[PDB]
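Chain letters run A, B, ... following the sequence lines, proteins first and then strands; every chain starts at 1. Whatever order the structure lists them in is the order used to number ligands and atoms, beginning at 1.
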Number of protein chains: 2
Amino acid sequence: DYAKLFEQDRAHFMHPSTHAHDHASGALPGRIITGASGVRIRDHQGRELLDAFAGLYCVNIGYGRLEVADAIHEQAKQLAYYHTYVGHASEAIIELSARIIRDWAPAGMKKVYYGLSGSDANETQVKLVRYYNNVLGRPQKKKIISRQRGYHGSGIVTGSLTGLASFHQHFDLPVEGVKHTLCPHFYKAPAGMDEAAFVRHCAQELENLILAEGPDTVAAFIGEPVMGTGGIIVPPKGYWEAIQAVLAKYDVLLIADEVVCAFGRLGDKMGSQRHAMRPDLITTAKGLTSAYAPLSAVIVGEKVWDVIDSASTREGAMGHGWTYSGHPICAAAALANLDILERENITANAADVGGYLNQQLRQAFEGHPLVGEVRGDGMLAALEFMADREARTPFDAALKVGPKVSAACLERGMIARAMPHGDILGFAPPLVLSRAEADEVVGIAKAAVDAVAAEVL
Amino acid sequence: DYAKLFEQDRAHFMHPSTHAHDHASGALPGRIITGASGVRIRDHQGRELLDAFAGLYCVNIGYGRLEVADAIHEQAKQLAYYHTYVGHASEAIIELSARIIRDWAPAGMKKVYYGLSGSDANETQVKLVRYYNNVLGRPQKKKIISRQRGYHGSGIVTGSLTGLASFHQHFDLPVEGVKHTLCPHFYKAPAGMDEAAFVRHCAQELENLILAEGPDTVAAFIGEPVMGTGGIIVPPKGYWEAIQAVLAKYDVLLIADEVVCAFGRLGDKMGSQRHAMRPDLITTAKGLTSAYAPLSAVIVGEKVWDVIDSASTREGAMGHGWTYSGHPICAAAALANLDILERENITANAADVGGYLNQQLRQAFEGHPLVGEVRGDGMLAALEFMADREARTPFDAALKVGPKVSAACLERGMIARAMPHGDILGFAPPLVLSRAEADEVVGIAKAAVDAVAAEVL
Ligand SMILES: *Cc1c(COP(=O)(O)O)cnc(C)c1O
Ligand SMILES: *Cc1c(COP(=O)(O)O)cnc(C)c1O
Ligand SMILES: [Cl-]
Ligand SMILES: [Cl-]
């Protein structure tokens, strides 16, 4: 890539999550990715970067997969697009639906509805929750409960579910009818609480919110098995059962937001099987295709599906569709993705190498004076940098310790993201990462963290 | 296609806009499209159908385009995906942004933000409208005004903008802060009003709504140049200027929803140039890629962009992104699409053959006893069937005249959609349609309408 392209970028391309002015003026320099293979990408300067974030928790089978590119091409040649309205389909979308339900989804899942992004999938979730209760004659039972630091999308309603302020700022979010309970981050639990007591606290807090709101008004609770963008927050021991006990008591649906965790990410089929969650609805995307083509999928459980089915006899077809729902080339990409996941036992690899990565991180970083917590689960991990480790005092956000450490990794040839609203270095590498590659990742992160500690301590 | 596939479809595939139970039980039969070429698709029975709806107003360059399939394949091989966050880009997305602004968008457009569906693009629009007013210190100026029969998406907020009840039913829509003004359908204007007086009426009605709500609370107005899913409602003479005069008077932004009308559909670059609209923000999708890959694009005018740019100096990066924003394969598909549109002068073809189609429809259907109105603009057209043509009395909706006529076309080998909330046969054929093909379309529609008139009159 090329200096004219960068002029045209600054003039006309509005990027996601990009400082509008600094990009436009060149102060935030652009970067063009020209190719990629395995766990590495190549920029316009010829730099090859080790990408320990797999794009955005999404390039799970690794880059450069000619198999998937050929599967997309064959579908694009045969039939790039027709709609899936009024019972229309491609072979590919039918096959994909059966394979998701049969090979990947938890017990009791039935139907799959397709979109393009995780955000449109959670938008679909909110509609299904309202529909379900309206057709069952419970018009007041509508509120959705999310969590502080949850990430669930970047729309109005989906941004409201999101529990990170940057997705609310100047958008007047959260909307009415979305409430937030605690982030279950045990490291930051009230002083004196052991893990069990903190879980007990989290459950009581949720219960009190349901009771304050009126249980007859509360429809669903949404949660990622492990919180991703909110900073790699692993649920404490017994958390999910404690939460599900509260929800069951007041007939609240569970939406498992599996956009990160599904399709081998935590070393399991999805996060729900790993973390003892029994969701009524599931959101997926990212790893569904390994980002080779855009696709999202809402997985509907038998209970909600049966009400949708029976209600349709009275109500006609549900008023829901996106033009590109079931897009054939996106289904073809997904099937090639699932083929590779299965054939190369990548889920088992993510368990093993993810266990290893987390271990090697603890070894390199536990007791490091800049690091307050090392954490993770499967092929997700994080370091959270703190000012006083034992008192759990963070740095002031303006010191930008997290962004600095991310930047220092990038100088040293590795991509690891500085997470929002804190000083946190996140890792979400391709699920095909080797143990050797994991050690490379830890080695570079360690050099980066050491560099920044020198500057800031 | 195949009987096992249909079993798996009924068991596991939740379709957009599909009677859940009747599909699942087989009463609503499924159909698998196995290929397509030109203006025709092929189903699992070998039937070749003339598709006068171009999928969903979207397959604009026609089916079977190996050029686009190869362009997708070449990008999928080189770099299927990386993100476009924090100033990252592909060559393709940069080129696309410059070409949209330079060759297709109206005067005064600057930046392009990418999504996957028209609905996520209007979701982005609502965020930009709220941001704009919040950063300008106008926290009350937030309400959006749409229109009865407008179609703007199938989410919560985007469904609220939509002015068709089927997208509201059991979803508790429209949300607060979305209001609807009149559908400007001159055929159904209050008795006694000539066209000029009706336009005058529509403007006063909008003004009264702004005044009732408080102009300081009203942020934007959204409208399709010609209303698509709402039934091919062409704006009356002087309508758009009358509306823009009201909006300008109270500093209300104009969002042009060009998801149907953009990229040659009305025989012009976009509907805005054709219909004297000067929008602050523009929504696009469908014809942006001719559906070869999913993509949406929000086109931001200089006025709104300049506030976003300057606000970022104080506020940091805007909290907005979708993981697949700028998806490379989708950009590659778009560029091949635009290449073909330009190279084959398809916009000029849409003007000519669309003019012809509308003329031939008027000839075949004006005075037909089942038909209350023939209407259209460019390569969009509709027949609206009525019980009393002069008194403008419709059939009762339960007679399903529209669906019947659609079904009768389909028996005769042609796809033309029965539009929601009325008895309306819609046409939106590929922009590459020939005059001969247009005459085929009119001929089959005429036989279909005659058949249904025999049954119902
Ligand atoms: C990325 C993400 C989403 C939203 O997905 P998009 O494709 O960016 O809309 C939703 N939930 C979780 C947990 C995510 O990580
Ligand atoms: C189809 C359509 C949309 C929504 O597009 P999706 O891709 O289906 O979300 C929005 N506005 C108009 C005018 C449309 O025709
Ligand atoms: Cl495995
Ligand atoms: Cl032309």
Side-chain angles (χ1 to χ4, degrees), chain A residues 16-17 53-58 103-104 115-125 146-147 149-155 158-159 161-164 167 222-230 232-233 255-265 267-269 271 282-289 291 294-298 338 340-352 380 417 419 426 428 431-432, chain B residues 81 83-85 103-104 115-117 120 123-124 263-264 267-269 294 320-327 338 340-352 431-432:
Chain A
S17 189
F53 221 80
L56 292 170
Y57 328 83
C58 58
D103 304 326
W104 295 92
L116 298 314
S117 63
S119 298
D120 77 36
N122 285 325
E123 195 82 341
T124 299
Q125 303 291 19
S146 185
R147 295 178 297 182
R149 305 198 72 87
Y151 187 74
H152 306 288
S154 185
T158 56
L161 297 172
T162 296
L164 299 169
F167 293 87
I222 185 169
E224 305 155 78
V226 168
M227 292 174 127
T229 301
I232 319 302
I233 313 307
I255 298 163
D257 188 340
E258 294 260 23
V259 164
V260 176
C261 298
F263 303 103
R265 174 53 70 180
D268 208 323
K269 282 174 187 174
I282 303 164
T283 317
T284 75
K286 296 187 163 100
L288 172 51
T289 55
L295 199 64
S296 81
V298 162
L338 295 186
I340 290 164
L341 286 171
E342 277 142 28
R343 195 160 73 247
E344 292 183 8
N345 309 113
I346 293 174
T347 297
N349 196 69
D352 177 55
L380 290 178
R417 183 198 183 178
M419 314 292 283
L431 303 194
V432 295
Chain B
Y81 174 84
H83 69 72
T84 62
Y85 291 50
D103 304 326
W104 295 92
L116 298 314
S117 63
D120 77 36
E123 195 82 341
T124 299
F263 303 103
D268 208 323
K269 282 174 187 174
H320 193 47
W322 321 116
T323 300
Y324 302 139
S325 186
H327 200 287
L338 295 186
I340 290 164
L341 286 171
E342 277 142 28
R343 195 160 73 247
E344 292 183 8
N345 309 113
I346 293 174
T347 297
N349 196 69
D352 177 55
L431 303 194
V432 295

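The OG1 atom of A:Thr162 sits 8.0 Å away from the CD1 atom of A:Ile222 when rounded to the nearest 0.5 Å. Separating the CG atom in A:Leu338 from the CZ atom in A:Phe263 is a distance of 6.0 Å, to the nearest 0.5 Å.
Using 4.0 Å as the threshold, B:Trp322 has a heavy atom nearer than that to some atom of ligand 1.
Of all atoms in ligand 1, listed by their number and element, those nearer than 4.0 Å to a heavy atom of A:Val260 are 15 (O). Shown in contact with A:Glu224 at under 4.0 Å from a heavy atom are these atoms of ligand 1, numbered in order with element: 13 (C).
Of the heavy atoms in A:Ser117, both backbone and side-chain atoms come closer than 4.0 Å to ligand 1.
Here's the thing with A:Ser119: one of its N/O atoms is less than 3.5 angstrom from an N/O atom of ligand 1. Distances between N or O atoms of A:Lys286 and those of ligand 1 include at least one value under 3.5 Å. For ligand 1, one of its N or O atoms has an N or O atom of A:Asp257 under 3.5 Å away. Between A:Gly118 and ligand 1, an N or O atom pair is found at a separation short of 3.5 Å. Remark: ligand 1 and A:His152 share no N or O pair separated by less than 3.5 Å (distance only, no angle test).
Judged purely by atom type and a 3.5 angstrom limit, A:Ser296 uses its side chain to pair as donor or acceptor with the backbone of A:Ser117.
Between B:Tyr81 and B:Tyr324, the ring planes lie perpendicular to each other; the angle is over 60°, past the 30° to 60° tilted range.
Between the side chains of A:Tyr57 and A:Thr229, a donor-acceptor pair is found at a separation under 3.5 Å. A donor atom on one side chain and an acceptor atom on the other are not found under 3.5 Å apart for A:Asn122 and A:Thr158.
Checked against A:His152 for a side chain to side chain contact (heavy atoms under 4.5 Å, CB included), the options A:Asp257, A:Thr283, A:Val259 give a single hit: A:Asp257.
In this structure, the protein non-hydrogen atom closest to atom 12 (C) of ligand 1 is A:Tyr151 O, 3.3 Å.
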